[PDB]
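Below you'll find the structure, written out as structure tokens, and then a few comments.
Letters A, B, ... mirror the listed sequences (proteins, then strands); counts begin at 1. These values consider heavy atoms only, across backbone and side chains, with no hydrogens, waters or symmetry-generated copies. Counting convention: from 1, in listed order, for ligands and their atoms alike.
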Amino acid sequence: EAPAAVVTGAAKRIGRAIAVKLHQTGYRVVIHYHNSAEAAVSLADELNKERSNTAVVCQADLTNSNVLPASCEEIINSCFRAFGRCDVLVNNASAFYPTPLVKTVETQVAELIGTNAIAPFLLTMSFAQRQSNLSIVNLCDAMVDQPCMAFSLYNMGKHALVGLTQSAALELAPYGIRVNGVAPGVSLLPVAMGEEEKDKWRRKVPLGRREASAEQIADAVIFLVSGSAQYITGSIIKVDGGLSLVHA
Amino acid sequence: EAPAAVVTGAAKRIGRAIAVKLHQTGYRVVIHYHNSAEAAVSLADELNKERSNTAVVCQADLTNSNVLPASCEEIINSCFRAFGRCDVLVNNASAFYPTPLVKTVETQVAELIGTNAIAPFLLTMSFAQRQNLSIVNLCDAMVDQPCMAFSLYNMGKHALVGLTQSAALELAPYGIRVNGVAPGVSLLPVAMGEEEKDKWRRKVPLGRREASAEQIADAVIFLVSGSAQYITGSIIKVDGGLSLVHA
Amino acid sequence: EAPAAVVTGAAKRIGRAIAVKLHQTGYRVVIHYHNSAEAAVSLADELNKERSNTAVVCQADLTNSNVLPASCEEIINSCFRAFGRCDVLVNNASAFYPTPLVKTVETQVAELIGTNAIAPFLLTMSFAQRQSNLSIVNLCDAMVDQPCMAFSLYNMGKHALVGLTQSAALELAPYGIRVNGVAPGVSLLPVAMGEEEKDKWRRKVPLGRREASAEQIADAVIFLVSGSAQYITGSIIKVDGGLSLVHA
Amino acid sequence: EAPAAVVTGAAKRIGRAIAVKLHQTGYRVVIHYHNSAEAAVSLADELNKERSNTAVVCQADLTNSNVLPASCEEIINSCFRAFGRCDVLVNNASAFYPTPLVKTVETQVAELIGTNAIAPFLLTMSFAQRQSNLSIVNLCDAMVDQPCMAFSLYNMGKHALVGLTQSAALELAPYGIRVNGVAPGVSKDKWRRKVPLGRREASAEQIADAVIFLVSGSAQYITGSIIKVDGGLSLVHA
Ligand SMILES: NC(=O)c1ccc[n+]([C@@H]2O[C@H](COP(=O)([O-])OP(=O)(O)OC[C@H]3O[C@@H](n4cnc5c(N)ncnc54)[C@H](OP(=O)(O)O)[C@@H]3O)[C@@H](O)[C@H]2O)c1
Ligand SMILES: NC(=O)c1ccc[n+]([C@@H]2O[C@H](COP(=O)([O-])OP(=O)(O)OC[C@H]3O[C@@H](n4cnc5c(N)ncnc54)[C@H](OP(=O)(O)O)[C@@H]3O)[C@@H](O)[C@H]2O)c1
Ligand SMILES: NC(=O)c1ccc[n+]([C@@H]2O[C@H](COP(=O)([O-])OP(=O)(O)OC[C@H]3O[C@@H](n4cnc5c(N)ncnc54)[C@H](OP(=O)(O)O)[C@@H]3O)[C@@H](O)[C@H]2O)c1
Ligand SMILES: NC(=O)c1ccc[n+]([C@@H]2O[C@H](COP(=O)([O-])OP(=O)(O)OC[C@H]3O[C@@H](n4cnc5c(N)ncnc54)[C@H](OP(=O)(O)O)[C@@H]3O)[C@@H](O)[C@H]2O)c1
Ligand SMILES: O=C1C[C@H](c2cccc(O)c2)Oc2ccc(O)cc21
Ligand SMILES: O=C1C[C@H](c2cccc(O)c2)Oc2ccc(O)cc21
Ligand SMILES: O=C1C[C@H](c2cccc(O)c2)Oc2ccc(O)cc21
Ligand SMILES: O=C1C[C@H](c2cccc(O)c2)Oc2ccc(O)cc21
């Protein structure tokens, strides 16, 4: 009788915080991961010790290819195989790196458009076809319109994800599936980023001059899936401490 | 120890539901009203019966005039006089009626621009000057696809978007968050014939029904909560996908 | 036979460059002004030297008041008085100054909301009522969603002006009146501003690291009034060298 | 001397009107085509009869694949081969069809995202890499935020194209390359009746007019902007 959720890229960072929070709210969770096998199984162990048989892992490369549909179909099936249901999909996995206009370009396209947009489209297709408070939450980007220089493919992927969010909200509304987004500004900074670079970004945030915690992101996801957002579809909630309001 | 909130136009409909849910959440409330005295008083009595001394009413006309700043200062002051603190301001009161391009026009300007934008700005000023603090402005999900011949109403709601953004930016250093909730079709006019209500209800993708006032209130409750501590300058549509629907 | 245009705040700076370019294009012009009497008359003299009887001035305060509707009515009337028609309204006049949240406030409201929004609405009403290629161009602000801090009332007026542009495009389209906007980022900087602060802003602009000329702004106005924009209504053209794309 | 432009999907409809108008303004043009060879050539004949050796054709499939980057590089190369320069890129080519959520799906991806967004990105890269009034114009969609039901992949591609427009305007501004969009609405009678401005479709020429403005010296300060050419349609509530 407990609902079940899929969170993609859930081994670590924001995805983990979302799977933890959904699990604390009473969901059964599929922890999807790609390379972070040890971190995924560790998380699943932690959740299962809290309530047995409530977390499973599922490995998949979400790069675009001719087998991406089957991989997306398999992630959703994993939720139905473990739990008998799939109530919520959180499209959280993301590739993020520069692609200057001035890895083959075709691999960059597949990872950056694949993970950020095509895999959410296919997961959304599979989640809908395999079908109560059903919804999807896409992890978007509050700075989509003021993009980092030399990030065109990543920015294109996140814009396409805004498109998907709106299109799928429209199309799936008659089936009672809501589709919303959460758009972080700066949250957990890159592990490879030096402290001095971190602090440059921190200093730009009006609300408290610091990045969002992973939990702060997850809070907005939890709202969107809850009974308190039952009329909300096609909405993208920024969780950016005002960063997107700040001019150059 | 309990926080306090001001809700403008709180006697009826959406404002009432906001006031109720804030009260249920543990807030003391100033129920602002303009003409609906008997409804505002009945709400305050209902709330005070639940928890003594947790609701007061405050009457004020929020039409723009040279007395508006003093009116808006008095509303915020009443919250401090009643409760010793003011944690939350909800700018909900609104005039809404058509102003075709083809009451004097200056009265229309004072009502539609004053209630929807100037009074929120003056209230926001008074709230900040007197300081989990936050302001929620009731915006309009259809602001970019507006009702025909509603130009002043639409200008006031666009201005409120600007206020939401400008005040989030300027008040973030004081730890005051500023957000909006943007209904699509929520509670319909009482007099509107069912056949007309149904024309609008049928356009809504999610459930072919309008939002209840409580569903609008739920987004306000989220925004003022510890769960939105990092959210400022955001406007959450609560519209069942209505604004995504093309002509 | 020559069309006629009203330009508000046309004595100086951007509105003057609009008036000039409209006149160069074949229009007869009403040069509206408030305080810049010598500048206004001097402009009308220059245009009239070039084609006699093609320019008049019209004085008015565009601050909100109970007589504002009459003043806006009189501006439109002046165009019909001088030229027998009124084909184009350019809403260019603007008050701009800070109003920190933390002159009386009701004067600030009257000025910043009156000039930027109410006078445009009233001028639009008067234009439409007194009524080919008819159109209205509103001067907006490309930075409306990334506001200068402490400019709430200004930013509110300009957001209202976007609402007006869309509402009036919708309502006046059946009358053949197109309604569009032109949104400068940094163009001619304040007389009062120090050269160091001017260079700070110029440095932020991606395209050329400089402010827009007034003529670059006028060029977009000229497009939107022309026969090459006959299917364009409700659009706002940013003329800001990419400034609004730049993150904090 | 005379500037040169590449227009993708230039054989018919909006891209043809665009090539014609740029040619009338004094550009030399590369008329790109996929399937419409006879049309591309007929247009080329009409422009060269007007002014000899000012119009060439270029065949390429703009579907995403392992060979798309070569194809896009070759389109830009064709401009430089024929004309010695490439001043203007118009990304007009587009695939358009529904992809319900409830051709393999990955061929749909390749066409809807490849032609509408990835080709524009690779063409932008090639245009920029090969470089006094340089600009790119992307043909966007005025209804991007109020999409047709069951057109998710198309809509995703057009959103990605908005992102490309903004990212490339930012990144290429230092090179003096401006990057802007034109967003048509409708350019059958059911639709035309909804249009506030005279309840008719945009002609292709009205779309071309906005392109012509954006590439002109009257737009030398405009970058990152998307001009709706939709008769007000995007303003109309449901
Ligand atoms: N962090 C921020 O400040 C910020 C800012 C804006 C937007 N966002 C968005 O917020 C969400 C969460 O952010 P985040 O920093 O937590 O994400 P992240 O750490 O950058 O990535 C999350 C996970 O994505 C998975 N992933 C990457 N490439 C993949 C592929 N090819 N196939 C399958 N999975 C793949 C990875 O899983 P494995 O580790 O298992 O390989 C990674 O752990 C993302 O959608 C991101 O775009 C974040
Ligand atoms: N209902 C919808 O579908 C919908 C759609 C979009 C946006 N909204 C927005 O959501 C909010 C709540 O909507 P609603 O339908 O519940 O509001 P409403 O019933 O139209 O108005 C709310 C209250 O505003 C107060 N008010 C009106 N004119 C005033 C004035 N001159 N001075 C002081 N107070 C005044 C009135 O108080 P008294 O009764 O005490 O005189 C009224 O009861 C409003 O901001 C509205 O614009 C609603
Ligand atoms: N310059 C920029 O970078 C920039 C940036 C964003 C937006 N804009 C917008 O673009 C337009 C033109 O810019 P600008 O810098 O040329 O404007 P401006 O010089 O700041 O103002 C233009 C004129 O507005 C008139 N005006 C001001 N208060 C008035 C009142 N109460 N009644 C009647 N007229 C009044 C003044 O006329 P008198 O001189 O006759 O008193 C002034 O010369 C404006 O709408 C502005 O908001 C400009
Ligand atoms: N018409 C409208 O109302 C409207 C509305 C919104 C947006 N738009 C946008 O405006 C632009 C032009 O509109 P339109 O209606 O003229 O376009 P269209 O006729 O739908 O298509 C334009 C051209 O794109 C080319 N194309 C299609 N698939 C291709 C592929 N896989 N590889 C290479 N080329 C391919 C075709 O060239 P070949 O013929 O050579 O095969 C076609 O003639 C497009 O970007 C469109 O998305 C148009
Ligand atoms: O780790 C980051 C921070 C990074 C970031 C860094 C600095 C400023 C800013 O607005 C955003 O944004 C990301 C986007 C996608 C993603 O998967 C990870 C990140
Ligand atoms: O009663 C309404 C419904 C009305 C409405 C009616 C029909 C469709 C729609 O999008 C909105 O919107 C309002 C806006 C402000 C307000 O104070 C009240 C209302
Ligand atoms: O003089 C300016 C520049 C000024 C400005 C100054 C610095 C940055 C920026 O984006 C804009 O904006 C204005 C807005 C209205 C107006 O009437 C005049 C100005
Ligand atoms: O022919 C159309 C019309 C079609 C259309 C049809 C009806 C309503 C509407 O907003 C758009 O939009 C297109 C988008 C891409 C494209 O290549 C062609 C078209």
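Every atom of ligand 1 is numbered from 1 in the order shown, and the set under 4.0 Å from a heavy atom of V186(A) is 3 (O). Set against the non-hydrogen atoms of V186(A), the atoms of ligand 5 under 4.0 Å away are 7 (C), 8 (C), 9 (C), 10 (O), 11 (C). Each of the following atoms of ligand 1 lies closer than 4.0 Å to a heavy atom of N92(A): 11 (C), 12 (C), 44 (C), 45 (O). For ligand 5, the atoms sitting less than 4.0 Å from at least one non-hydrogen atom of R13(A) are 1 (O), numbered in the order shown with element in parentheses. Of all the atoms in ligand 1, the ones that sit under 4.0 Å from a non-hydrogen atom of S36(A) are 38 (P), 39 (O), 40 (O), 41 (O). Ligand-side atoms of ligand 1 in range of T115(A): 28 (N), 29 (C), 30 (C), 31 (N), 32 (N), range being under 4.0 angstrom from any heavy atom. Short contacts between ligand 1 and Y154(A), defined as distances under 4.0 Å to a heavy atom of the residue, involve ligand atoms 7 (C), 47 (O). Short contacts between ligand 8 and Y154(D), defined as distances under 4.0 Å to a heavy atom of the residue, involve ligand atoms 14 (C), 15 (C). Of all the atoms in ligand 1, the ones that sit under 4.0 Å from a non-hydrogen atom of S187(A) are 2 (C), 3 (O). Atoms of ligand 1 found under 4.0 Å from any heavy atom of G185(A) (numbered from 1 in listed order, with element): 3 (O), 5 (C), 6 (C). The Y33(A) neighbourhood of ligand 1 comprises atoms 40 (O), with distances under 4.0 Å to a heavy atom of that residue. Taking every non-hydrogen atom of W201(A) and a distance limit under 4.0 Å, the qualifying atoms of ligand 5 come out as 7 (C), 8 (C). Those atoms of ligand 5 with a heavy atom of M143(A) less than 4.0 angstrom away are 10 (O).
Between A17(A) and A214(A), the shortest heavy-atom contact is CB-CB, 3.5 Å. Shortest non-hydrogen contact noted between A95(D) and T115(D) is N-OG1, 3.3 Å.
By the 4.0 Å heavy-atom criterion, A142(A) is excluded from the residues contacting ligand 1. Contact annotation: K158(A) has at least one heavy atom less than 4.0 Å from an atom of ligand 1. Contact between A40(A) and ligand 1 is absent, with no heavy atom of the residue lying under 4.0 Å from the ligand. Residue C140(A) places a heavy atom less than 4.0 Å from ligand 1.
The residue from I222(A), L139(A), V137(A), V182(A) that alone fulfils the side chain to side chain contact (heavy atoms under 4.5 Å, CB included) condition with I18(A) is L139(A).
Applying the salt bridge (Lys or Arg N to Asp or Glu O under 4.0 Å) definition to pairs two or more places apart or across chains, none involves residues 144-166 of chain A. For residues 59-79 of chain A, every residue pair satisfying the salt bridge (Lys or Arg N to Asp or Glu O under 4.0 Å) rule, not counting sequence neighbours, is listed here: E74(A)-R81(A).
Side chain of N180(A) to main chain of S235(A): a donor-acceptor pair is present (N/O by atom type, distance under 3.5 Å, no hydrogens or angles). Looking at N155(A), its side chain never comes within 3.5 Å of a backbone N or O of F151(A) through a donor-acceptor pair. Judged purely by atom type and a 3.5 angstrom limit, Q146(D) uses its side chain to pair as donor or acceptor with the backbone of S234(D). A donor-acceptor pair under 3.5 Å is formed between the side chain of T99(A) and the backbone N or O of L153(A). A donor-acceptor contact shorter than 3.5 Å links the side chain of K238(A) to the backbone of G233(B).
Comparing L243(A), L188(A), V205(A) by heavy-atom distance to atom 2 (C) of ligand 5, the nearest is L188(A). Here atom 48 (C) of ligand 1 lies nearest to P184(A) when heavy atoms of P120(A), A37(A), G181(A), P184(A) are compared. For atom 27 (C) of ligand 1, the candidate residues are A93(A), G9(A), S94(A), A17(A); the nearest heavy-atom contact is made by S94(A). With distances taken over non-hydrogen atoms, the option nearest atom 10 (O) of ligand 1 out of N91(A), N138(A), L139(A) is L139(A).
For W201(A), no heavy-atom contact with ligand 1 is shorter than 4.0 Å. Counting heavy atoms under 4.0 Å from ligand 1, residue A60(A) touches it through the backbone alone. Contacts of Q146(A) with ligand 5, taken as heavy-atom pairs under 4.0 Å, are absent altogether. Both the backbone and the side chain of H34(A) come within 4.0 Å of ligand 1, judged by heavy-atom distances.
Taking the six-membered ring where the residue is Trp, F96(D) and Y154(D) present perpendicular rings, their angle passing 60° and hence far from 30°.
Polar contact with ligand 1: present for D61(A) (N/O pair, distance under 3.5 Å). Residue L62(A) places at least one N or O, backbone or side chain, under 3.5 Å from an N or O of ligand 1. Between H32(A) and ligand 1, not a single N/O pair is under 3.5 Å apart.
A salt bridge links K103(A) to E111(A): one of the charged nitrogens lies within less than 4.0 Å of a carboxylate oxygen. Taking the charged nitrogens against the carboxylate oxygens, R16(A) and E46(A) do have a contact shorter than 4.0 Å, which makes a salt bridge. Comment: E195(A) engages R202(A) in a salt bridge, judged by a side-chain N to carboxylate O separation of less than 4.0 angstrom.
Side chain to side chain, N92(D) and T8(D) fail the donor-acceptor criterion of an N or O pair below 3.5 Å.
The structure places OG1 of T107(D) at 11.5 Å from CG of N64(D), a figure rounded to the nearest 0.5 Å.
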